[PDB]
4 protein chains.
Amino acid sequence: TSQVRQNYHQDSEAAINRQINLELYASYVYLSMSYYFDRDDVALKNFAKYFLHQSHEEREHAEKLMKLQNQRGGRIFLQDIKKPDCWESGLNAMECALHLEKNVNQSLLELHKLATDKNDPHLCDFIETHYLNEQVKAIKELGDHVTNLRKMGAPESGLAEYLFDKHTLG
Amino acid sequence: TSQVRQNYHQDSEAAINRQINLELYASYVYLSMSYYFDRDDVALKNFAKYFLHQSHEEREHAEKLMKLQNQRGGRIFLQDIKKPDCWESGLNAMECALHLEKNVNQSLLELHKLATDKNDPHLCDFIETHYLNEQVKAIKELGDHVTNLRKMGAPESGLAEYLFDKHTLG
Amino acid sequence: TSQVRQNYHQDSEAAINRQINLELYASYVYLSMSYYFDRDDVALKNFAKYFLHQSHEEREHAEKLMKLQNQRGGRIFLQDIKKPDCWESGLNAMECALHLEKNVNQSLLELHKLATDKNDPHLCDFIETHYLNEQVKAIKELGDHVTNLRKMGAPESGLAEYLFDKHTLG
Amino acid sequence: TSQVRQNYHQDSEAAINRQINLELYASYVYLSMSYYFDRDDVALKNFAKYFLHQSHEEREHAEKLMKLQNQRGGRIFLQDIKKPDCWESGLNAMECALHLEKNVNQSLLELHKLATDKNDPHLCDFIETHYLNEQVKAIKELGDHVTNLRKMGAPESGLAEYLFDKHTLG
Ligand SMILES: [Cl-]
Ligand SMILES: [Cl-]
Ligand SMILES: [Cl-]
Ligand SMILES: [Cl-]
Ligand SMILES: [Cl-]
Ligand SMILES: [Cl-]
Ligand SMILES: [Fe+3]
Ligand SMILES: [Fe+3]
Ligand SMILES: [Fe+3]
Ligand SMILES: [Fe+3]
Ligand SMILES: [Fe+3]
Ligand SMILES: [Fe+3]
Ligand SMILES: [Fe+3]
Ligand SMILES: [Fe+3]
Ligand SMILES: [Fe+3]
Ligand SMILES: [Fe+3]
Ligand SMILES: [Fe+3]
Ligand SMILES: [Fe+3]
Ligand SMILES: [Fe+3]
Ligand SMILES: [Fe+3]
Ligand SMILES: [Fe+3]
Ligand SMILES: [Fe+3]
Ligand SMILES: [Mg+2]
Ligand SMILES: [Mg+2]
Ligand SMILES: [Mg+2]
Ligand SMILES: [Mg+2]
Ligand SMILES: [Mg+2]
Ligand SMILES: [Mg+2]
Ligand SMILES: [Mg+2]
Ligand SMILES: [Mg+2]
Ligand SMILES: [Mg+2]
C-alpha cells in the first residue's frame, strides 16, 4: 500500500485513470480540429489557433489528474488514446466541441458522485475547484459561438465563418 | 446565544476546539524535531530549518481555526498542549512527521464528516479550502522525503542524511 | 487534387501520417515516464521534469509534421495513440528513451530514403533541417546520461540516481 | 576559367541564368498586379501593397541568384524581361499568382534535379535553403487566400474583396 494513501477508494483511483484517458482524447480531438482549419481548402487561421489552444488546455487537464493520482497514492494506468471519432465547417466543429465538453462534464459529474459516495471530500473539492466551473465556462463559450455562427448564416455563408474567425476568434 | 451564530452545531464547535489543540500539538512536535537537528551531535541545519518552518505553519493553522470559531459565534476552549510523544535520525523524524500529518488529516476528515452530517456547507468549504489539500501536499512531500532518504541508505549512511540536508532541504 | 500540391507523392503523404503517429506515441511514452518519477515511492523530481519536457517536445514535432502535410497539400489521417509498451529506475527509463529515440530516428531515415527515391528535395530538407540533427543530439544526450548513471552505480545505488537527478538534471 | 570555379557545371551556370530571368519576370508580374489594384476603378490598396511587397521579394530572389553565379565563378547572362502575359479581380490575381509561384517552383525543382545529377551539393543546399520552402510557403498562402475569397463570394461580391482587403491583407 502507498505510504501516502488515505481515504482513497480503489474505485476513485480507477475512475481518475478513466478521466485521464478522456482528457487526452479531448486533446486529440481538438488537435484534429485545429489542423482541419489549417488546410488550404478551409483556411481559417483563428479557428485553427482556437482549437490548438483548447488541445493544449486538455493536455494540462490530464497532467493535473496524473499529479492527483500520485498525490493520493494511486497508480496511473494508461490506455490507448483513440483517434477522433469522425469536420465540414466552423459551425460543425464548434457543435462537435460543445458535444465533447458536455460529455467530459458528464464524466466529471459521475466522478464527483463517486467521490461523494466514498466520502472523499478532498477529491470532491479537487473536481469542483479545477474542473466543474472550467467545464461550465467552456460549454457556455461554445454555445455562444454556435449561436453567433448560426445567426450569421453559417455554414452556408463562407463570409459568416470568415468574419467570425476575424472578429470573435481573432 | 452569539448574535452572529447561524447553522453552527455545538458538536461542530467542540470538534473545532479539539482540532485547535491538535494543530498546536503538531506545532510543538515540529519544534521538538527542529531543535534535535540543532544539537551538536546531530548537526543537520536544513532539517532543523525545515521542521521549524513546519512548526510555524501549524501555529498558523491553529490561529485560523481560532478565527473561524469566533467568525461562527463559537467559543474557544483551550486545553493543555501535550509534550511530543517520543528522534534518532533524519529518516526517523521524516517518518514520524508523515505519521503525524496522516493523523491530523484523519481528524480533519472526521471534522468534515461531522460538518456534512450537520449540513454546514460553510464549515465543509472552510476545511476543504484551507486544510484538506494542504494535508495531501504535506503527506506527499514527506513520503517523497522518506523514499529518497531510504534509497540513499539512511539512517545507517550519515553521508545520505548530510547530502539530503544540502540538496533537498537546502 | 489540392490546389497547392506539387511534387508530393502519395507514398510520402502516407509516410508523414505514420511519422505523426510515432511522434505522438513518443510524447505519450515520455509522459508516462515523467509521472513514474513523480510517484511517492520513486520521487525524483528532475527526472520527472526532464521527461515531461521531452513529452512536450515530441508534441511539437508532431504538430510541425501536421503543418507540413497541409503545406504540401496532403491530408492528415490520424490513428490511435497506443499506450506505452511496458519503468523500474532512472537508468532503465533513460535506456528506454535511448531505444525510443533510435527507433524514431530509423523511421525518419526511412522517410528520408522515400523522399530521396521520389525526388522530393523540399521534404528531404524539411527532415534534415528539423528532425535529423535533433535526433542525433537527443541520442547522444541520452547515451551520455546512461553512461553516467551506470558509472555512478545505478540502478542498485539509490544515491547515484538521487545525485544525478540533482547535478545533471537539476 | 574563373580562379574560384570548382564543381560548377556549365549546365548549372546556364540554368541559374534562366532562373534569374524567371525571378525578374515574377517581380514584373507582381508589379503589374499591384498597380492594377491602385486604379481608381479597382481601388483595393491592401491588394496593391501585398503584390508590391511580393514584387520586391522576387527582385531580392533574383539578386541572390546573381550573387550565387559570381560566388561559384559563373558568368551572369541577362535576357529581356518579358511583359506580364495577360487582372479582372482580387480572386483572379491571387489565382494567377498561385499559378506563377507553382511555375517558379517547378523551375527550381528542375534546377535541383540538375544540381543533383551534376553532384553539386552546394547548389542543392542553396536551392533548398533559400528557395524551396519559401516557394512552399508562398503557394500555401496564396491557396489560403484563393480559398477565402471564393468562400466569401468573390469575384461577384465586391463586398467580399473589400472585406478581405481590410481583414486579411490589412
Ligand atoms: Cl485508502
Ligand atoms: Cl475590424
Ligand atoms: Cl446555530
Ligand atoms: Cl503531386
Ligand atoms: Cl554531492
Ligand atoms: Cl568547375
Ligand atoms: Fe477548453
Ligand atoms: Fe478537459
Ligand atoms: Fe463531432
Ligand atoms: Fe470545496
Ligand atoms: Fe506543513
Ligand atoms: Fe496543520
Ligand atoms: Fe514519531
Ligand atoms: Fe467548497
Ligand atoms: Fe527530445
Ligand atoms: Fe520526435
Ligand atoms: Fe522501454
Ligand atoms: Fe537541405
Ligand atoms: Fe512571395
Ligand atoms: Fe521567387
Ligand atoms: Fe494569370
Ligand atoms: Fe542542405
Ligand atoms: Mg478504432
Ligand atoms: Mg472555483
Ligand atoms: Mg504526559
Ligand atoms: Mg483549494
Ligand atoms: Mg494494446
Ligand atoms: Mg540533399
Ligand atoms: Mg541544421
Ligand atoms: Mg512579347
Ligand atoms: Mg530552411
# chains A, B, ... in the order shown; residues from 1 in each chain; ligands from 1
$ interface_residues --of "chain B" --to "chain A" --cutoff "9 Å" --atoms "only C-alpha atoms" --output "mmCIF file with C-alpha atoms, in the first residue's frame"
data_model
loop_
_atom_site.group_PDB
_atom_site.id
_atom_site.type_symbol
_atom_site.label_atom_id
_atom_site.label_comp_id
_atom_site.auth_asym_id
_atom_site.auth_seq_id
_atom_site.Cartn_x
_atom_site.Cartn_y
_atom_site.Cartn_z
ATOM 1 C CA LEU B 98 4.391 11.581 7.922
ATOM 2 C CA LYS B 102 -1.793 11.475 8.415
ATOM 3 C CA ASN B 105 -5.654 14.531 8.123
ATOM 4 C CA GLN B 106 -7.815 11.772 9.662
ATOM 5 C CA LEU B 109 -11.774 14.123 7.556
ATOM 6 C CA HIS B 112 -15.664 17.199 7.582
ATOM 7 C CA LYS B 113 -17.950 14.164 8.088
ATOM 8 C CA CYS B 124 -17.185 21.979 4.821
ATOM 9 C CA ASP B 125 -15.815 24.604 2.390
ATOM 10 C CA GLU B 128 -11.679 21.811 2.051
ATOM 11 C CA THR B 129 -10.287 25.247 1.096
ATOM 12 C CA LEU B 132 -7.538 19.151 3.048
ATOM 13 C CA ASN B 133 -5.233 19.858 0.069
ATOM 14 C CA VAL B 136 -2.443 15.926 0.898
ATOM 15 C CA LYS B 137 0.517 18.078 -0.236
ATOM 16 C CA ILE B 139 1.837 13.946 3.163
ATOM 17 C CA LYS B 140 3.087 13.581 -0.446
ATOM 18 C CA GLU B 141 6.166 15.739 0.295
ATOM 19 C CA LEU B 142 7.037 13.762 3.439
ATOM 20 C CA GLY B 143 6.523 10.492 1.578
#
$ residues_near_ligand --ligand "ligand 23" --cutoff "7 Å" --atoms "only C-alpha atoms and all ligand atoms" --output "list in words"
residues 82 and 83 of chain A; 80 of chain C
$ write_last_selection --atoms "C-alpha atoms" --output "PDB file, in the first residue's frame"
ATOM      1  CA  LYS A  82      -8.468   6.664 -29.556  1.00  0.00           C
ATOM      2  CA  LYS A  83      -8.395   8.647 -32.779  1.00  0.00           C
TER       3      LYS A  83
ATOM      4  CA  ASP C  80      -4.960   5.702 -32.193  1.00  0.00           C
TER       5      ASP C  80
END
$ residues_around --residues "residue 49 (chain D)" --least-positions-apart "2" --cutoff "12 Å" --atoms "only C-alpha atoms" --output "PyMOL selection string"
chain D and resi 30-38+43-47+51-56+165-166+169-170
$ write_last_selection --atoms "C-alpha atoms" --output "PDB file, in the first residue's frame"
ATOM      1  CA  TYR D  30       3.597  41.293 -59.299  1.00  0.00           C
ATOM      2  CA  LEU D  31       4.429  44.942 -60.121  1.00  0.00           C
ATOM      3  CA  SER D  32       1.709  44.895 -62.817  1.00  0.00           C
ATOM      4  CA  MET D  33      -0.790  43.270 -60.433  1.00  0.00           C
ATOM      5  CA  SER D  34      -0.004  45.839 -57.711  1.00  0.00           C
ATOM      6  CA  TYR D  35      -0.769  48.890 -59.845  1.00  0.00           C
ATOM      7  CA  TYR D  36      -3.968  47.291 -61.197  1.00  0.00           C
ATOM      8  CA  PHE D  37      -5.344  47.440 -57.605  1.00  0.00           C
ATOM      9  CA  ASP D  38      -4.162  51.099 -57.417  1.00  0.00           C
ATOM     10  CA  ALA D  43      -9.184  50.692 -55.538  1.00  0.00           C
ATOM     11  CA  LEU D  44      -8.043  47.867 -53.231  1.00  0.00           C
ATOM     12  CA  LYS D  45      -4.983  49.420 -51.502  1.00  0.00           C
ATOM     13  CA  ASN D  46      -4.022  46.325 -49.496  1.00  0.00           C
ATOM     14  CA  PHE D  47      -4.084  44.078 -52.579  1.00  0.00           C
ATOM     15  CA  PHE D  51       1.591  42.439 -54.603  1.00  0.00           C
ATOM     16  CA  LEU D  52       4.177  45.271 -54.457  1.00  0.00           C
ATOM     17  CA  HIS D  53       5.834  43.550 -51.467  1.00  0.00           C
ATOM     18  CA  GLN D  54       5.823  40.299 -53.475  1.00  0.00           C
ATOM     19  CA  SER D  55       7.441  42.146 -56.444  1.00  0.00           C
ATOM     20  CA  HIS D  56      10.262  43.450 -54.235  1.00  0.00           C
ATOM     21  CA  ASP D 165      -8.514  43.551 -48.395  1.00  0.00           C
ATOM     22  CA  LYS D 166      -9.164  45.024 -44.926  1.00  0.00           C
ATOM     23  CA  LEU D 169      -4.253  41.892 -46.313  1.00  0.00           C
ATOM     24  CA  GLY D 170      -4.581  44.877 -43.949  1.00  0.00           C
TER      25      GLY D 170
END
$ residues_near_ligand --ligand "ligand 7" --cutoff "7 Å" --atoms "only C-alpha atoms and all ligand atoms" --output "ChimeraX atom specification"
/A:54,57-58,138
$ atom_distance --atom1 "CA of residue 42 (chain D)" --atom2 "atom 1 (Fe, counted along the ligand's line) of ligand 21"
17.1 Å
$ atom_distance --atom1 "CA of residue 162 (chain C)" --atom2 "CA of residue 144 (chain C)"
16.9 Å
